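# Examining the three-dimensional arrangement
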Amino acid sequence: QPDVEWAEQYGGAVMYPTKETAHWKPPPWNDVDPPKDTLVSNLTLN
Amino acid sequence: XXXXXXXXXXXXXXXXXXXXXXXXXXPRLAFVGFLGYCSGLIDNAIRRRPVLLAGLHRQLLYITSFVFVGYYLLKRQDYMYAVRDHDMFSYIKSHXXXXXXXXXXXXXXXXXXX
Amino acid sequence: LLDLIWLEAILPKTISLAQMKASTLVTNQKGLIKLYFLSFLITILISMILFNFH
Amino acid sequence: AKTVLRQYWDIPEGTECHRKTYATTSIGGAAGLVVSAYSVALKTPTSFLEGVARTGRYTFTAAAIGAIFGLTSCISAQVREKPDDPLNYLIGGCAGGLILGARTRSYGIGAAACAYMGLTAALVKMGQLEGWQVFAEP
Amino acid sequence: XXXXXXXXXXXXXXXXXXXXXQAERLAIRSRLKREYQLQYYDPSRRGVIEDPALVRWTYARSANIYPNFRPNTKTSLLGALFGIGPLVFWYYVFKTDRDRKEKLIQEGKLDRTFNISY
Amino acid sequence: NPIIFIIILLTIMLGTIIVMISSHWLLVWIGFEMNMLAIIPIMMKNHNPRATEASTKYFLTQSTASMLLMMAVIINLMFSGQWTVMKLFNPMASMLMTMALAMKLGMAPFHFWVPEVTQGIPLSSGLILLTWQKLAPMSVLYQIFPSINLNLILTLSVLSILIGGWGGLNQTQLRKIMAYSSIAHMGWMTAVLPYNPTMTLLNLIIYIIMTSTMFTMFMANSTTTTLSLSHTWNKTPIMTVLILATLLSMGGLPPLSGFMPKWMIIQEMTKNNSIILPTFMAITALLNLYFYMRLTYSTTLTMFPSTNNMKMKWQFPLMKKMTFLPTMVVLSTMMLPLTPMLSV
Amino acid sequence: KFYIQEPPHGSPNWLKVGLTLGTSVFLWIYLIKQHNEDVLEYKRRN
Amino acid sequence: XXXXXXXXXXXXXXXXXXXXXXXXXXXXXXXXXXXXXXXXXXXXXXXXXXXXXXXXXXXXXXXXXXXXXXXXXXXXXXXXXXXXXXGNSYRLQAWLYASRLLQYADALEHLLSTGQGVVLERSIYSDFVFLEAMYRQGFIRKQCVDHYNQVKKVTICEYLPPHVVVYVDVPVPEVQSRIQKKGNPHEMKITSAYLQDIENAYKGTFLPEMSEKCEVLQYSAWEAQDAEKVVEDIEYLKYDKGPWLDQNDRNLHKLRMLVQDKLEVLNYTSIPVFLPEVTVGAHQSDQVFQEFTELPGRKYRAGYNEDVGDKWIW
Amino acid sequence: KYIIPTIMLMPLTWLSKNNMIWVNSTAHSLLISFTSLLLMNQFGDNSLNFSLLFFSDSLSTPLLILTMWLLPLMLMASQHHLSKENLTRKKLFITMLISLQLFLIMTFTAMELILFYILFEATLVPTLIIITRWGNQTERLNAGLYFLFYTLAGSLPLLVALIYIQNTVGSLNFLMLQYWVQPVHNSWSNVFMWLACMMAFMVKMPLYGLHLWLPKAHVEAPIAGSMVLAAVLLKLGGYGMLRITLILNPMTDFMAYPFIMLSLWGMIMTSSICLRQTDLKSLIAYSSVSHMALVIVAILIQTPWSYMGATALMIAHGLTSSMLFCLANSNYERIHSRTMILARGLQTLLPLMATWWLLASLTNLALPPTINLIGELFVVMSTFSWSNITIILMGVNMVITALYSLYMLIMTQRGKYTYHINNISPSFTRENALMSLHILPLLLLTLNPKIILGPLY
Amino acid sequence: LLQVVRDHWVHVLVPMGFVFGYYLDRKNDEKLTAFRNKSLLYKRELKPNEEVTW
Amino acid sequence: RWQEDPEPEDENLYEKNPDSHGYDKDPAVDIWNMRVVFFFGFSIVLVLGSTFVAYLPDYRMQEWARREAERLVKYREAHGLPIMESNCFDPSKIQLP
């Protein structure tokens, strides 16, 4: 039988533990949401 | 032959040459008909329905579709193998020099020990 | 020595070296469209200079 | 170029090897430059100072494999009889994979896959007969 | 393996360190016996007892194969000469006997006249 | 996406017909662009930050690729003159033509976009379209398979199964495994093109049906190996038998339908006196099997993915041909020995 | 039990069930008619 | 295939007095439950409050599953006498969040197809208040909270409108005396610190709900139990600046497909991540799947079933 | 006649009620096995073809009868297992044996090499699912992957071998047509042509090198002991070595010379390890290496006397090793561990099974002419005509053949059993029936062993 | 009649499956009609029976 | 913590609530299977199958060759000098080299 510890080895990350690229995080369950902010939103005039 | 020379391009079945006679109740047709019944068994595994064998009677659609398409598919099989042989025999008859005949010999061969 | 290690060492020999060759393709090139397009520059030069065809 | 590869097959028919050793460096050198070109895609730090450093380690070692392979084949040909054999190139194939262990202080890897590299190098000169064909039309 | 004199009762002293050494041996001996005593003397069991020492004995040969052998050294190469080596030993024995036989069939017959089987 | 979504999907269907029924070199360029403007909206759909990155990567690597094709079209005006999709004539034109086709099918030096584009789709319906789009440039290659120099077509086939056979090993994303399964199978596609034009199109018939069955088994949402792991015990157990059967056929195994293309690829190649190349095809095919082997361990082994949340209600997906086609994908070895002739 | 909260399928549809059984009849007659036509054409030719 | 060209379409025969109302976050004592029943004078349909056996309340056939068949170790009485290490604690709340999300999907499906006003007792935008109150005391570990937030970010964003009408009731700090006066003996002797934190977290839940421009009306204990006052306040107040006013063709059709299927809505609800208070053991999962298949309820599932209905073979 | 009633076993197990299953699967299989002996045995001077090339006649294969003999026997010992689990799981792993039986009949019957190949590797698929599930101990996957990556790594070179022959020299097909085959000229290009045909059968028939495929499959038990009998069928399933060596490469025996020397050392070293081993199943697993190594020696000599001993040993080992594994299963079901030292006690607790232990052990040695005396001795007699030195090496092996059997006996013939409290009932009526159904067919072969060895006999 | 038909339904299929296999595999000889009287090895002239033996 | 892992229990039929049986559960299924059809194969395949094996239907010219050889010996002894083997299937071959 395979336990939860065995499932964590094949968990969503890199399949193969990373050598150099390990900073890349796992993607979301149903399409990732990116940046909510970092936008202008409504103009101002004098 | 891959490229058409005598046969008409883009055909529904053949239509240019019809005389060949398709197989009737063939063992090849029975296996495709078995797969039509087999597709009507594993469909109840996807959508969870009581009994694979004694379940829904929409299985008749699955058997008929495999037979109808399979009969047309095997008709092309008998046609294409006939054309392949027809061009092969015509190549020997027209050229003659390419083919060579040899019969009756008395040649020595090396015998193995132990 | 033999019946468990050395006579076995034919297929584990082509697993330990196979996984090393496997890691040089999957974990290699940490994303970036930049890096994949830098490799395409070489591929055209291989077909023109390194391989004699036109 | 395939014209460079075709020159490699004409020389071993005789006994001369002084020009054969010069031809072997161009085969290993150009093949090393292919791997050196793909290593640029790994993102090199700074410019030129480390860019040449990555190309230097790959091209020089790959040219060394071909150069020794050309030398060892002619030593094995001059000592004893027999013009061309798969056993003759197997000894030369082992010497080509031996210098990979000089690249990094570990003694193995190259020497561990010495029989693996030696057999694959022998397979190239296994196809000198009509029995083996890499690419064919009919 | 045996020495000049067989070891059975040779070289024994009471002392102080040896007296505590036998006390250490009996401490584990009685501990492992009592857990067997609690398992054997009851009708409620019915079955074969595990014993962790016996399972580890079978695990020593069936497993612990590739966790070991990581220091190869010169001992592993000597074992290879005792394994792959004897296969090359008979190569100069069977071939020499066959070359002796093959020469006899062609010239100066040695095979018996009353031979027909195989 | 209401009624017009079917119309957008219809233009991809109609787009390939333009490529299929063609005599003019600019007409197929129109046919390729009919797909370009119609796949991108289905690539986006819900609008995601990952979807925006994938659609731009899908555009830039493919629009520049088709622009290389138009050069070869214009060299066919400079040299040989005539606008016919029969022969390529010039060796100078073929070098830019085959590389443009390699950007969509050869993949050996142009795989880079595939694992990122296939992962970037938010929907399961978009996964089918990328495995269906590969039918379009295959029709072009079937028309101009002579004259093109075999030295730089067979390199696109040999190297592709090498990078395909290593590129799936360090991947846990289910979309990414199927992305490198494309490149691995595309090596078999670009190998029959020099050696006998037939069975090359049958390789598509086996592949497209096998891949369309695969993603329709993932209609019950799964994006990673661990998400497909929780399927045997928590979800439908009888469904995972069909996932097992399709994955076993994806690799080269005789009692399944997926071995039947691998028959004629070697058979026709061995007839042309080549032995050293088909040997390399068979050893690299083992590397392809390994991805499917690890993915069958989500169906065979326990692996402990029970979870607290449990489903009791019956699942109702789309499933267009997820019942008829897997039966052909599991067993067609005895069913299709003489069927090689029937396709072409 | 009598299947509470309304079942998705009642079991007799007739609009879908009737035509599916009807399509098999349309296929069976069409195949035998061409089967007799093929044998008649083969006898006429040879 | 989905039909949109046909007569059945979104926005048609809807919106005019059909908006969803919710009476949520009103302490441990069920005070909002009594007022919601009288609030269905203007609204057409009224939904019951979700508990442990809420997903299996309809599901397949009438009767609910017994104890272990529904969820392993799940009881509302067990949470009253909560124990640390090996027990309910979090896995009951994760089941409670999944049950409220499932009934919200069916209520939204009841709203989209045939325009009828559905009032829900305790919505999905109220479960985080119930979790954070228990987090203040030593019951739920920090790692289980991160498991909850991952589900929170995925499941909520897929549904376009939260709630048009929101009813928040703030009672006295002596609410434990009202809970002791109630008929249930198992619900009695609950912690006063958990009930006080539940009111404190509800204060920081109504303000972000009002920030999304959703209509909210506050009612006291003296203002409670009124049919005429509650109905007139909701009718007079007009919906403005809210996210409920979306696209009729594109947005309304996409949300309807996700709400139509029960399996599709709860597809993102199950997490691939492993947790100690989530029951990961496959050995218990194999025995539970065997017992559920042997049960006279679903067994073969989806319409046709032997020894339960059985109308036709085809 | 043979196929079709075997296929009808698949709807038999599924249509029958949950209370039955095992009664229908065992009884119906026994009457099909009776009809196999009824028709297949009839042959003239040269055995004439059965019908069209789908399933053909037997020329030198009474080994098909053995597959029909195990056809019900692969269900008898698996009764102790599988009973604890679901009713649907029971039906699945009976049908996987039926699928095994379907493909195993096809291998021996069909006189082919092209279509035989896609039945040769086809037996690996049902056994893989069988091994990877129901394994009581761990490392199922460290035996399951090794089950394929040993066999398929060696057998996939047959695609580049067999097709290469039919493209140049006529066609392989019937084998009765295969007289087009000209002797090989023996060159460096012809080396890999011979190796690719051999390496496929060098794995299934275990040697000294690349032999670790077999012990991993046996030690890590699939289901109880009845599936281990199918693992015995896989060893003899690589029977095409009888057909390839005789027809495809008759002049080539110079390249066989190093491979005999490898298998000759796979007799002393494989037997030495089979002495100090701990596992009861492993001491059958390594004795099965050496017993099948005798056959590989006989094939590569190519003498008419050696094929008589080769065909005999295929049937001899197929009913003696499978008999030994059933005895290993009978101790595994009671003690719940495969350890030899722990499971100790015969006659005192197992009174009637101990006589079956004796008869199974002594058959590994050269008893009064049952089948193994017609098997082993015939090879030893044929090796002297090859070279005089052989019996000096082969005689040492005859000493250690006792050391498999007697060491398995003595380490169980101690009537202590102090730690063991289980094994109350010695054997069920089915368990004693298993032991009789393996030895008594061999005891009937004492009268007439013509249907035990027949390549021109 | 009711006790036998309800209890046994699968029990009849296996012996009938042997008869079905017996009929199918025998009729394959009708496809191979060549060499029946030709080639002198077991050839005999017909006196009363048609085409020697099937 | 194991949570749900602990479930293993020793099970044996032996004699308790079975009297004397081989099949697990139900005395009616046991007698009709484990002693009847289990031993019906013991009576048909072993006892009735012993008549066949090799005895009766000749089996690949084992008994036929003896009668064929004896008549060929007596014929060749009276007329010819060479007994059976002298030149096997060779009469006027078209050269060698």
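Residues numbered from 1 in each chain as written, not as in the entry; some residues may be left out. Chains lettered and ligands numbered in written order. Part of a larger assembly, values for the part shown. Heavy atoms only, no water. Residues with missing side-chain atoms left out of burial classes, pairs and counts.

As annotated in the PDB entry, chain J is NADH dehydrogenase [ubiquinone] 1 beta subcomplex subunit 1 from Bos taurus. The deposited entry bears the title "Structure of mammalian respiratory Complex I, class3". Reading the Subunit entry of the UniProt record for chain J gives the comment "Complex I is composed of 45 different subunits." Of the comments in the UniProt record for chain J, the one headed Sequence similarities reads "Belongs to the complex I NDUFB1 subunit family." (UniProt positions renumbered as here; feature names shortened; annotations may be inferred.)

The name recorded for chain A in the PDB entry is NADH dehydrogenase [ubiquinone] iron-sulfur protein 2, mitochondrial, from Bos taurus.

Time to look at the UniProt feature "transmembrane region" in chain J. What UniProt calls "transmembrane region" maps, in this numbering, to residues 8-24 of chain J. Between the C-alpha atoms that bound residues 8-24 of chain J there is a distance of 26 Å. The span itself is 71% helix and 0% strand. (Helix = DSSP H or I, 4+ residues; strand = E, 2+ residues; numbered from the N terminus.)

Turning our attention to unusual backbone geometry. All names here are of chain I. Backbone geometry places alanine 224, a non-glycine residue, at a positive phi of 50 degrees. Summarising the element assignment, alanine 224 is placed in the loop between α11 (213-219) and α12 (228-237). Despite not being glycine, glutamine 302 has its phi angle at roughly 70 degrees, a positive value. Turning to its location among the elements, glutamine 302 is positioned in the loop between α17 (287-301) and α18 (304-335).

With a closest N to O distance of 3.0 Å, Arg100(H) and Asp127(H) form a salt bridge. Taken together, the residues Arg100(H) in helix α2 (residues 91-112) and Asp127(H) in helix α3 (residues 127-135) connect sequence positions 27 residues apart. Between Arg35(K) and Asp30(K) there is a salt bridge; the shortest N-O distance is 2.8 Å. (Salt bridge = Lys/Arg side-chain N within 4 Å of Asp/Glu carboxyl O.)

So, about helix α5 (residues 91-106) of chain E. With 16 residues, α5(E) should reach 22 Å at 1.5 Å per residue; the first-to-last C-alpha distance of 23 Å fits that figure. Remark: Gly108(E) follows α5(E) within two positions and exhibits a positive phi of approximately 60 degrees. (Expected span 1.5 Å × (residues − 1).)

All names here are of chain I. Where helix α15 (residues 269-276) meets helix α22 (residues 402-410), the closest approach of the two axes is 9 Å, and the angle between their N-to-C directions is 10 degrees. It follows that α15 is roughly parallel to α22 by the angle criterion. Contact residues: α15 offers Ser271, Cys274 and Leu275, while α22 offers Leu403, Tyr404 and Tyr407. For the contact of α15 with α22, the class distribution of residues is five nonpolar, one polar and no charged. (Axes fitted to C-alpha atoms, helices over the stretch in contact; angles between N-to-C directions. Parallel < 35°, antiparallel > 145°, perpendicular 65-115°, else oblique. Contact = heavy atoms within 4.5 Å. Nonpolar A, V, L, I, M, F, W, Y, C, P; charged D, E, K, R; others polar.)

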